[PDB]
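The block underneath contains the structure these notes are about, expressed in structure tokens.
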There are 2 protein chains.
Amino acid sequence: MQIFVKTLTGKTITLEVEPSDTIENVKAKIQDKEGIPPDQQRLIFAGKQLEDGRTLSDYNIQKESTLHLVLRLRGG
Amino acid sequence: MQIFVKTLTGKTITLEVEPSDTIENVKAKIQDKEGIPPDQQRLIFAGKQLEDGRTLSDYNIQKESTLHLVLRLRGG
């Protein structure tokens with residue numbers, strides 16, 4: 001299923017995630033494409049932060065959904 | 001100087017911070033006001049998270065600047 005991860009920096013990411021795909025694997029996809037380190041990725045939804053060990057369907061995340069991405073660069 | 005702390009959900013907090021203030025200290029000041037624990041305070045600037053150990057002027061944060069605040073809850 002397609003999803004749209006938009007960051008406040010002004011960048012959107014389009015990935016084909018799976019219903020039972022863990023948040024951890026979602027970050028992995030971004031890492032594969034944009035090359036953004038999953039450990040530096042902060043997926044925010046509804047105003048809170050998502051848990052790496054959780055699934056998309058855990059937060060009612062479906063197709064065409066929008067996830068907020070924040071770059072957490074450590075030491076800078 | 002005063003800055004604007006706006007959450008991703010909907011809230012605008014205003015406090016007095018120094019140019020050489022630290023992100024960690026900023027969260028501490030917000031805790032003295034809104035009572036929100038600094039551990040749950042996520043400072044966002046242009047889609048990038050603010051390093052807790054960095055300074056406001058290091059991020060080019062001046063007076064009357066608006067920052068985003070995200071609540072980091074466990075499990076979301």
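Identifiers in the structure tokens: chain A, B, ... in order shown; residue index from 1 per chain; ligand index from 1 in order shown.
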Exercise answer, chain A residues close to chain B, 12 Å and only C-alpha atoms, as a ChimeraX atom specification: /A:5-12,23,40-56,58-60,68-76
Contacts of residue 61 in chain B within 9 Å, only C-alpha atoms, excl. fewer than 6 positions in-chain, as number ranges by chain: B: 3, 19, 55, 67
Only N, CA, C and O atoms, please: the residues just picked out, written as a PDB file, in the first residue's frame.
ATOM      1  N   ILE B   3      10.260  33.273  22.605  1.00  0.00           N
ATOM      2  CA  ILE B   3      10.076  32.402  21.458  1.00  0.00           C
ATOM      3  C   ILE B   3       8.685  31.792  21.497  1.00  0.00           C
ATOM      4  O   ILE B   3       8.030  31.791  22.543  1.00  0.00           O
ATOM      5  N   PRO B  19      19.827  34.080  24.146  1.00  0.00           N
ATOM      6  CA  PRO B  19      20.430  33.714  22.863  1.00  0.00           C
ATOM      7  C   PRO B  19      21.400  32.544  23.013  1.00  0.00           C
ATOM      8  O   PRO B  19      21.486  31.676  22.144  1.00  0.00           O
ATOM      9  N   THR B  55      22.804  24.897  21.403  1.00  0.00           N
ATOM     10  CA  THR B  55      22.300  26.184  21.846  1.00  0.00           C
ATOM     11  C   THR B  55      21.348  26.799  20.822  1.00  0.00           C
ATOM     12  O   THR B  55      21.365  26.431  19.645  1.00  0.00           O
ATOM     13  N   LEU B  67       8.988  27.590  17.089  1.00  0.00           N
ATOM     14  CA  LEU B  67       9.487  26.226  17.064  1.00  0.00           C
ATOM     15  C   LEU B  67       8.329  25.255  17.237  1.00  0.00           C
ATOM     16  O   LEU B  67       7.297  25.607  17.813  1.00  0.00           O
TER      17      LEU B  67
END
In chain A, DSSP strand (DSSP E or B) residues written as a PyMOL selection string: chain A and resi 2-7+11-16+22+41-46+48-49+55+66-71
Include N, CA and C atoms and write out the residues we just selected as a PDB file, in the first residue's frame.
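out.pdb, written as the output of this step:
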ATOM      1  N   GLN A   2       0.459   2.243  -0.761  1.00  0.00           N
ATOM      2  CA  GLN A   2       1.202   3.487  -0.872  1.00  0.00           C
ATOM      3  C   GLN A   2       0.931   4.394   0.326  1.00  0.00           C
ATOM      4  N   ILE A   3       1.951   5.143   0.725  1.00  0.00           N
ATOM      5  CA  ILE A   3       1.858   6.073   1.844  1.00  0.00           C
ATOM      6  C   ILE A   3       2.695   7.306   1.537  1.00  0.00           C
ATOM      7  N   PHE A   4       2.427   8.398   2.232  1.00  0.00           N
ATOM      8  CA  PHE A   4       3.162   9.633   2.012  1.00  0.00           C
ATOM      9  C   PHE A   4       3.754  10.152   3.313  1.00  0.00           C
ATOM     10  N   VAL A   5       5.070  10.092   3.422  1.00  0.00           N
ATOM     11  CA  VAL A   5       5.758  10.578   4.607  1.00  0.00           C
ATOM     12  C   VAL A   5       6.317  11.966   4.324  1.00  0.00           C
ATOM     13  N   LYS A   6       5.712  12.983   4.917  1.00  0.00           N
ATOM     14  CA  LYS A   6       6.140  14.357   4.697  1.00  0.00           C
ATOM     15  C   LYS A   6       6.838  14.941   5.920  1.00  0.00           C
ATOM     16  N   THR A   7       7.938  15.633   5.675  1.00  0.00           N
ATOM     17  CA  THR A   7       8.685  16.283   6.733  1.00  0.00           C
ATOM     18  C   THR A   7       8.436  17.789   6.672  1.00  0.00           C
ATOM     19  N   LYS A  11       9.676  18.036   2.254  1.00  0.00           N
ATOM     20  CA  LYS A  11      10.024  16.881   1.446  1.00  0.00           C
ATOM     21  C   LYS A  11       9.059  15.735   1.714  1.00  0.00           C
ATOM     22  N   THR A  12       8.576  15.126   0.645  1.00  0.00           N
ATOM     23  CA  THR A  12       7.655  14.009   0.743  1.00  0.00           C
ATOM     24  C   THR A  12       8.319  12.726   0.254  1.00  0.00           C
ATOM     25  N   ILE A  13       8.013  11.618   0.912  1.00  0.00           N
ATOM     26  CA  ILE A  13       8.549  10.321   0.534  1.00  0.00           C
ATOM     27  C   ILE A  13       7.397   9.367   0.235  1.00  0.00           C
ATOM     28  N   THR A  14       7.501   8.631  -0.862  1.00  0.00           N
ATOM     29  CA  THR A  14       6.455   7.699  -1.256  1.00  0.00           C
ATOM     30  C   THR A  14       6.969   6.265  -1.219  1.00  0.00           C
ATOM     31  N   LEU A  15       6.419   5.464  -0.318  1.00  0.00           N
ATOM     32  CA  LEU A  15       6.837   4.075  -0.189  1.00  0.00           C
ATOM     33  C   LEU A  15       5.653   3.126  -0.297  1.00  0.00           C
ATOM     34  N   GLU A  16       5.946   1.881  -0.649  1.00  0.00           N
ATOM     35  CA  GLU A  16       4.932   0.844  -0.758  1.00  0.00           C
ATOM     36  C   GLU A  16       5.054  -0.085   0.443  1.00  0.00           C
ATOM     37  N   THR A  22       6.165  -3.437  10.157  1.00  0.00           N
ATOM     38  CA  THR A  22       6.560  -2.741  11.368  1.00  0.00           C
ATOM     39  C   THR A  22       7.119  -1.357  11.053  1.00  0.00           C
ATOM     40  N   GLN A  41      15.609   8.778  12.167  1.00  0.00           N
ATOM     41  CA  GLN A  41      14.252   9.027  11.708  1.00  0.00           C
ATOM     42  C   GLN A  41      13.275   9.075  12.869  1.00  0.00           C
ATOM     43  N   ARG A  42      12.427  10.088  12.869  1.00  0.00           N
ATOM     44  CA  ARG A  42      11.413  10.234  13.897  1.00  0.00           C
ATOM     45  C   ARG A  42      10.039  10.311  13.249  1.00  0.00           C
ATOM     46  N   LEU A  43       9.320   9.201  13.283  1.00  0.00           N
ATOM     47  CA  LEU A  43       7.988   9.143  12.702  1.00  0.00           C
ATOM     48  C   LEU A  43       6.959   9.613  13.717  1.00  0.00           C
ATOM     49  N   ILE A  44       6.326  10.728  13.403  1.00  0.00           N
ATOM     50  CA  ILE A  44       5.333  11.325  14.275  1.00  0.00           C
ATOM     51  C   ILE A  44       3.944  11.234  13.655  1.00  0.00           C
ATOM     52  N   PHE A  45       2.971  10.850  14.470  1.00  0.00           N
ATOM     53  CA  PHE A  45       1.600  10.706  14.016  1.00  0.00           C
ATOM     54  C   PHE A  45       0.630  11.203  15.084  1.00  0.00           C
ATOM     55  N   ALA A  46      -0.342  12.008  14.656  1.00  0.00           N
ATOM     56  CA  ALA A  46      -1.380  12.561  15.535  1.00  0.00           C
ATOM     57  C   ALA A  46      -0.828  13.528  16.585  1.00  0.00           C
ATOM     58  N   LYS A  48       2.066  12.567  18.385  1.00  0.00           N
ATOM     59  CA  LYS A  48       2.938  11.736  19.199  1.00  0.00           C
ATOM     60  C   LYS A  48       3.937  11.004  18.312  1.00  0.00           C
ATOM     61  N   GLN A  49       4.885  10.314  18.924  1.00  0.00           N
ATOM     62  CA  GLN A  49       5.895   9.584  18.174  1.00  0.00           C
ATOM     63  C   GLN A  49       5.540   8.101  18.129  1.00  0.00           C
ATOM     64  N   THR A  55       3.345  -1.881  14.539  1.00  0.00           N
ATOM     65  CA  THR A  55       2.965  -2.019  13.141  1.00  0.00           C
ATOM     66  C   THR A  55       2.149  -0.822  12.670  1.00  0.00           C
ATOM     67  N   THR A  66      -0.635   9.889   5.688  1.00  0.00           N
ATOM     68  CA  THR A  66       0.485  10.804   5.770  1.00  0.00           C
ATOM     69  C   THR A  66       1.167  10.695   7.127  1.00  0.00           C
ATOM     70  N   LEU A  67       2.468  10.458   7.112  1.00  0.00           N
ATOM     71  CA  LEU A  67       3.241  10.346   8.338  1.00  0.00           C
ATOM     72  C   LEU A  67       4.220  11.506   8.418  1.00  0.00           C
ATOM     73  N   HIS A  68       4.381  12.076   9.599  1.00  0.00           N
ATOM     74  CA  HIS A  68       5.301  13.190   9.771  1.00  0.00           C
ATOM     75  C   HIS A  68       6.702  12.686  10.072  1.00  0.00           C
ATOM     76  N   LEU A  69       7.653  13.126   9.270  1.00  0.00           N
ATOM     77  CA  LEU A  69       9.035  12.718   9.441  1.00  0.00           C
ATOM     78  C   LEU A  69       9.877  13.860   9.987  1.00  0.00           C
ATOM     79  N   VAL A  70      10.675  13.557  10.994  1.00  0.00           N
ATOM     80  CA  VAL A  70      11.561  14.535  11.598  1.00  0.00           C
ATOM     81  C   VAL A  70      12.974  13.970  11.659  1.00  0.00           C
ATOM     82  N   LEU A  71      13.941  14.761  11.220  1.00  0.00           N
ATOM     83  CA  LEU A  71      15.333  14.338  11.210  1.00  0.00           C
ATOM     84  C   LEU A  71      15.996  14.609  12.555  1.00  0.00           C
TER      85      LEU A  71
END
Those in chain A with helix (DSSP H, G or I) from DSSP, as a PyMOL selection string: chain A and resi 23-33+38-40+56-59
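The gap separating CA of residue 20 in chain A from CA of residue 57 in chain A is 6.5 Å, in Å to one decimal.
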Pick from B:38, B:32, B:1, B:64 nearest to residue 18 in chain B, counting only C-alpha atoms: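 Checking each candidate against residue 18 in chain B, we get B:1 as the closest.
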